[PDB]
Structure formats: C-alpha cells, structure tokens
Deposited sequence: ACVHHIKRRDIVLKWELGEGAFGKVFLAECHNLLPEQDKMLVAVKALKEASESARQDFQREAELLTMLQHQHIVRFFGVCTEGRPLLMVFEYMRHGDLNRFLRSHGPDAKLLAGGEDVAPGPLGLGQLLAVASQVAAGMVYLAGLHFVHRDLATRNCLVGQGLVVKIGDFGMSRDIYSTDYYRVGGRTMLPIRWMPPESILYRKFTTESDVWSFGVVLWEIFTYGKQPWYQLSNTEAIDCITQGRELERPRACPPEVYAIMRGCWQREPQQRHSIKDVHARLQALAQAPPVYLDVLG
C-alpha cells in the first residue's frame, strides 16, 4: 500500500450518480483532502460485495490507480478501508462521460458555462481528441494496455478537461456497446482491431486502433461505430477489412489520422506519440488555418 487512505468521517455522501454489478458511485464532500480546499466534491465508488475476490481485486485496482497520475487520467485520491463499504475516491468530473457530453452537444443542438450553444466546433472536437490522445501517450509510455478505450470510458470536467477513466460499470450502463459471449464475458467488439477479435491479442497497437475509433465517435458526436450493424455483422465487417466512413464533420486531414490507426498490420499503425502530435498541432492551429481544413 503506496495507496493514500482517507478516514470515513472526512467523506460525506450526498447522493448516487450511477450503479453497476460491482458497485455504486456517489457524489460526496471530502474534508482536508487538499490545501487550497478544506472542503471539495469527489465521486466515491463503493464496492458492492467485499469477499476474498472483491478485496484482493480492490487492493490491486487501488495500486494501479495510485501509479497512474497524469493531467488526462481521472485523478485517484485514495481509499477508505476503515469499515465497509470499501470506498475509492476520485475527482468529480461534472459533465460525466464523453459519450453523453458528445451526444448532448451534437449537430441536432443548450450552451452554458464551458461550451458554446450549438454543435461543438472543429476547434473543440480537436481539443477533446488531443486530450484523450495525451492520456493514451502516458499509458503507452508505461506500456499499460487499456483494452476498453471508448468515449464512454472518458470523463469531462470543468473547462472541458477530458480525462481517461471510468468506474468499471460501462458494461452495465452501455450493455449495447458489448458483445456477450461467455456466461459473463462482454467484448467491446466495435472498438477492437482484427487481431483482438480473431487471435485475442491486445497490445499498445490494439489501443491505437481503439483510439482511431474514439476519434470517429468524437467527430460523429458520440454515434456508436457500425450502429447500422449487429454484433455478428460488425465482427464480419471488421475482420473482412471494412473501414468506418468519414464522419460529415471530419476534415480529410483528420480522417487520415483515423486511417493511420486502422492499418490491418499492427506494426504499420502510427504510434500514439505521432497521433497526439498531429491532433495537438491541429487543436492549437490558428482559426485562419482551421477555417479552410
């Protein structure tokens, strides 16, 4: 345990945000967590069970999350292990998951504090993609493999800060984004490359394939990839080499980055470093450049 511990009394649950098979997520006040703030909001994941399996899991997940600290990874603050339920404390991200954020700022579009009215602009869509790519750079740096990279598994906070992370309930909230195979096995097939579906191999390079599909989601304002297709039809068309078609809002410049992630041969896919650098440069480009993309 390099894991930070937080006393139960410093956490006051306000209400539920979300619910899964393995736990609930609450919004809470946390006291004496940061210097500038004696009181701040957090999201708290409470473990449903607390058995031999659940608690050695929990202890591992706590170690991994303590190790992943970066500007575009959901901030993990620590655990509360003084009397059940066991709690994991996280930064509260007020716009929820990126898929929901994308859908509620789509081409059919309520502007507010963080976002213009209307559909998100090119500038905004690129700044989102760029942030997700920044988190994928940091994970690949540590040779960590995600395996479920999707907009649903990103969050959005104040200022449209976008960070990779979920509460491990995406299977329950987004059951349609998964193919159920086993009795309890659920594969994000629409996000997976041919080597992951055929050979069951998962690598850095299946993560960049999955990021290319995140980039497609972003530029379709959260549409499900292959939504027109069933699970079996999507497997067929992915293993047979069919590529998702350019989203309306996606400049050719950007459709090419998407295609660099989707080379059939893993070693041919561009590196995440290269993709970040392309999206950041676009995101930071002056309006005069962007207006003619």
Note to self, deposited ranges with zero CA coordinates are 110-112, 297
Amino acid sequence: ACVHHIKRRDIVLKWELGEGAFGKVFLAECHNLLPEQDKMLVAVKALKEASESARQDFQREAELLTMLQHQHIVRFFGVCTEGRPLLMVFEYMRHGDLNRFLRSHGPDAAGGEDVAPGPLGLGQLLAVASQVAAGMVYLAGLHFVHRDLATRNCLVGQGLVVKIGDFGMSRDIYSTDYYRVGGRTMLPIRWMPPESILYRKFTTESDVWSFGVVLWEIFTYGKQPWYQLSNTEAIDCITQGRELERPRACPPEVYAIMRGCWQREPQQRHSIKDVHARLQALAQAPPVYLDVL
From here on, numbers count along this sequence of modelled residues.
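Rigid core: the largest C-alpha set superposing within 1.5 Å between the two forms.
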Comparing 232-240 with 22-30, larger root-mean-square C-alpha distance from this form in 9 other deposited structures of this protein, core superposed, belongs to 22-30
Between 127-135 and 194-202, greater root mean square CA displacement in 9 other deposited structures of this protein relative to the shown form, after rigid core superposition, belongs to 194-202
Hey, does residue 61 drop out of the model in a third or more of the other PDB entries compared here?
no
Query raised in the report: Relative to the other compared entries, is residue 184 without coordinates in a third or more of them?
Result: yes
Per the PDB entry, mean CA B-factor is higher for 265-273 or 6-14, namely for 265-273
Quick note on 53-61 and 23-31: per-entry mean CA temperature factor is higher in 53-61
Among 147, 152, 103, 180, the highest C-alpha B-factor in the PDB entry belongs to 180
Per the deposited entry, the peak Cα B-factor within the set 238, 67, 41, 46 goes to 67
Assert third(CA B-factor, residue 37) within chain per record equals highest
Here the Cα B-factor of residue 225, set against its chain, lands in the third termed lowest
Sorting the chain's modelled residues by C-alpha B-factor and splitting them into thirds places residue 168 in the middle
Split the chain's modelled residues into thirds by Cα B-factor; residue 86 lands in the middle
For residue 253, the third of its chain by CA B-factor is the highest
